[PDB]
Ligand SMILES: N[C@@H](Cc1cc(-c2ccc(Cl)cc2Cl)cc(CP(=O)(O)O)c1O)C(=O)O
Ligand SMILES: *[C@@H]1O[C@H](CO)[C@@H](O)[C@H](O)[C@H]1NC(C)=O
């Protein structure tokens, strides 16, 4: 949930759920763990683009799942030969799959295994739009050479 | 091909498919020469094969909106020992910058460009009325001249 | 009936500052010099082979006034004056043409094309739309999901009764309103500064209410159907709705007015002024 | 040295004659070969089609066409060519990662 | 006389006698009043143009490889400390360093620097820009076409290696592609407002660059006039 | 549409009574009317080098006024 691909919406006390094209998701958050304070609590309720892919896949291949957020290291960035975050969680068997914003590259195709890409992406450029102008020779347009 | 595979197993395009079955061609090399002869009015294919046309020739042009999304790939029988090494060597060729070099060498010429098709300046074949009337004026003069000499 | 939107029918009023608008403030200067340029250059090519006369001719071919009587007598000066006339024609042709092009594309706004308009899909503080609290419209929007953001926006403004929403649209405190078509259409006809956006929405039909399992149900629901072939409901319709007192068609392209042509009248007044000065200078030079 | 069968268009006796081919895919193929030590040969499809399933024999037996059928029949080994990626072919064949979106 | 009549009333003229000629001339005048009308009319069509976005190639074009021909505005920018830079920092190292004077913050502080003329272009990930292009209402800010992206990769699902689940999720995703569902989610979630076409914008004031052509012809006529004055003045031996 | 006419009358009156200062009493309205719509007929137009400028100002105004009319009217012809 570092993206407009998947979104977390804080839990609703008006009903107790979301249930509108949404799904629950945990966050076993540990913080200020200087007194061995046991972690965990239900953070926001989840929904987003990758989430819908998830649901439809689950109903088409018949499993069930257990969504929970990461703690540290948003994506995989190796440090001292170790993976932190969404790729560690797959290499330490503390998970089975990881969905969301997660690109593809050799540096990851040895630790984890990858699915078929479902979006295009890469490096591209943004520009602004130039207003419409008039040729320096407009005043000769409206008559073919003969006339 | 894959396009008819896409249209058949689609249902909202039942009538579309029902229409196409009567005309589909043998290979794009024929469909292009059939569009440039006005024996056809459209054609549907893989974008990256059309875009090379709008650039080499420049009397054809596409209609922008990007359709069903895919990606080309290589084919190997299921469970072959070569699979993993190949699918790795590909990914190498997308950060060292190799595929960009192949791209530029073979596609992306942009030799012809289109922008704001002109509002079609007039020409010699429709202003023909006024020149006819001035000629006819020349004629009538050679008649109505003598009538003066007579009335003199 | 169904649901529609009720917006304020803007009165078209063409935007135009002054007559200089089709020319970049430099181009005026460029021609105001080049005229004198060609004037002087013409004054020579007749002596070396009438100065005031040449200046008149030059600065008067462009103005299309017949004032000015001289004429180049050379060969060269004639060949110049011809293309000078041509260029003067081009100037005015281009000015009026570009003015025409600007005056076409100057059209006021775009009415909402229904619910599929993206202008509604995205909330903005510069565009407020509401309904009546605790009705069927909010029931329709709540239990819909694609309209989650829509509903999330509306909750902050919904009104108490259409009698307030209409008086709030006709005061530009609001920009839209959604309700039962057959209640809006009576508005676009009684008053005629409001008009709807056509596209018919979620479909329904009014009805009568009785507690479940009442002895009156069947007879009532029969007597209704009688009143749709004898022709009774048509009579009620015509008596109460369908006045068509005001009609709309092809909102005009907003004729010009006294408040934007004010430039040229200013310049002719100023011309009157300068005359009362430059008159005496003549008497002096006499 | 492109070993092509299509000296003439289909509908006439074919006299498979050597040709030569080049372009995007041939360059990519040569890169792969240098990377993984192959020795390749190339022969063009005898069908001139991409390939799809179709009933035959006035029956319900499902067979493919063209180069896809030439792979599944072991007649070929690898399709280095502009071949798309879909579900219906994915159940008989192994697709590399995509090399052109 | 006739030249004057075609363009517009210029000067007194000793025009005709000869009551026949007093009719030929009128025919010509009618022709002129129609010809000028046709010109003024059709020219009012050539003055409604469309917006214009430049046809720039990918990162490989001259505008970045040799960013010193038109020195002033070349402002390829980026965002610091991220995966975007490294790919640039490993293929265009010099063109990486040049960008050092263009580090933005976040992404909004960069999208703004394209509406206030501080920057030329901007380099970032595709699928986030595209969704961000459909955000702003000022459609004067829209990316270049696809097929020009540099390092085409995708988005994927991470599976523990060697699992048997892999084959099935692949076939399932190709299924979602197969029956048009993916477009439904894509359209509901990513594609926003600005899938529109370039407007017919009325021009601004005509300016000297636009109308220079008439002035060059005016000057050329001035020169030709000088030349004829010279040629005639050669007549001092007769 | 009538401010034009009132300016017309005013300028004509001041024109002749400026011309007085260094055959042209009502021939003005003729001249100016012609100038507004388009060239109609010979006119004993001015003397009085000042008036030879008031008239030119009017002519400029006319060449702008006719342009505005022809232009905006080309909008009312698309229904
Ligand atoms: N997708 C990449 C990570 C990754 C993510 C983003 C990103 C962040 C926020 C949003 Cl809302 C959208 C996007 Cl796409 C951007 C980049 C590019 P950079 O961080 O260099 O600016 C990146 O690498 C992965 O798979 O690890
Ligand atoms: C284009 O014209 C619009 C008109 O409002 C203006 O806001 C914008 O700044 C112009 N852009 C350029 C690059 O001149």
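Residue numbers (the numbering used here), protein chains in the order written: chain A, 10 to 156; chain B, 7 to 158; chain C, 64 to 349; chain D, 3 to 103; chain E, 3 to 240; chain F, 178 to 256. From the three backbone atoms N, C-alpha and C, an ideal C-beta is built for every residue, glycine too.
The beta carbon of residue 79 of chain E is closer than 8 Å to those of 101, 104, 105, 106, 112, 115, 121, 122, 123, 124, 125 in its chain, skipping five residues each way along the sequence.
Take residue 121 of chain B, set aside five residues on each side of it, and no residue of its chain has a beta-carbon closer than 6 Å to its own. The region 100-114 of chain B makes contact with the region 58-69 of chain E, as at least three CB pairs between them are under 8 Å.
No heavy atom of ligand 2 is found nearer than 7 Å to the CB of residue 313 of chain C. Taken through DSSP and simplified to helix, strand or coil, residue 154 of chain E comes out as coil. Counting along the chain, the unbroken alpha helix (DSSP H) around residue 144 of chain B starts and ends at 134-157. Where residue 90 of chain B is concerned, the enclosing alpha helix (DSSP H) starts and stops at 89-98. DSSP places residue 37 of chain D in no beta strand (DSSP E) but in the uninterrupted alpha helix (DSSP H) bounded by 26-38.
Bounds of the alpha helix (DSSP H) holding residue 100 of chain C are 88-110.
Between ligand 2 and the CB of residue 139 of chain A, the shortest heavy atom gap is smaller than 7 Å. Runs of the alpha helix (DSSP H) lying entirely within the region 38-97 of chain D, each at least 4 residues long, are 68-74, 89-92 in chain order.
For a Cβ distance threshold of 7 Å, residue set 54, 77, 78 of chain B lies close to residue 102 of chain D, ordered along the chain. The residue among A:20, A:51, A:56, A:13 with its C-alpha nearest the C-alpha of residue 31 of chain A is A:56.
A Cβ-Cβ distance of about 18 Å is found for the pair residue 64 of chain D and residue 77 of chain D, leaving them out of contact under the 8 Å criterion.
When DSSP reads this structure, residue 152 of chain A sits in a beta bridge with B:128. In the structure shown, the three-state DSSP call for residue 197 of chain C is coil.
By the rule that beta-carbons nearer than 8 Å mark a contact, residue 84 of chain D touches chain B.
DSSP, read as helix, strand or coil, puts residue 169 of chain E in helix. A residue is listed when its beta-carbon falls short of 5 Å from at least one non-hydrogen atom of ligand 1; in chain order these are A:12, A:84, A:110, A:111, A:112, E:84, E:85, E:86, E:127, E:130. Residue-level contact check: residue 42 of chain D does not touch chain B, since none of the beta carbons of chain B fall below 8 Å from its beta carbon.
Contact between the region 180-200 of chain F and the region 71-90 of chain C is absent, with fewer than three C-beta pairs closer than 8 Å. Spanning the alpha carbons of residue 123 of chain A and residue 160 of chain E requires a straight line of approximately 5 Å. Checking the DSSP bridge columns, you'll see residue 20 of chain D partnered with D:5.
Minimum Cα-Cα distance from residue 335 of chain C among the listed residues F:214, F:207, F:204, F:238 corresponds to F:238. With a threshold of 8 Å between beta carbons, residue 85 of chain E makes no contact with chain D.
Bridge partners of residue 69 of chain C according to DSSP: C:259. For residue 98 of chain A, the enclosing alpha helix (DSSP H) has its first and last residue at 97-100. The residue from C:233, C:121, C:180, C:327 with its alpha-carbon nearest to that of residue 213 of chain C is C:180.
Shown here, residue 83 of chain C sits in coil according to DSSP, grouped into three states, outside any helix or strand.
Segment contact: the region 66-76 of chain A against the region 166-183 of chain E, three or more CB-CB distances shorter than 8 Å; contact assigned.
For residue 114 of chain A, the closest C-alpha among the options B:116, B:114, B:102, B:47 is that of B:102.
Where residue 55 of chain A is concerned, the enclosing beta strand (DSSP E) starts and stops at 54-57. The CB of residue 29 of chain E never comes closer than 7 Å to any CB in chain C; the least such distance is about 20 Å. Against chain A, a Cβ distance below 9 Å from residue 101 of chain B picks out 114, 115. Three or more Cβ pairs closer than 8 Å define a contact, and the region 24-31 of chain E falls short of that threshold against the region 206-215 of chain E. Scanning E:50, E:43, E:149, E:4 for the CA closest to the CA of residue 244 of chain F turns up E:43.
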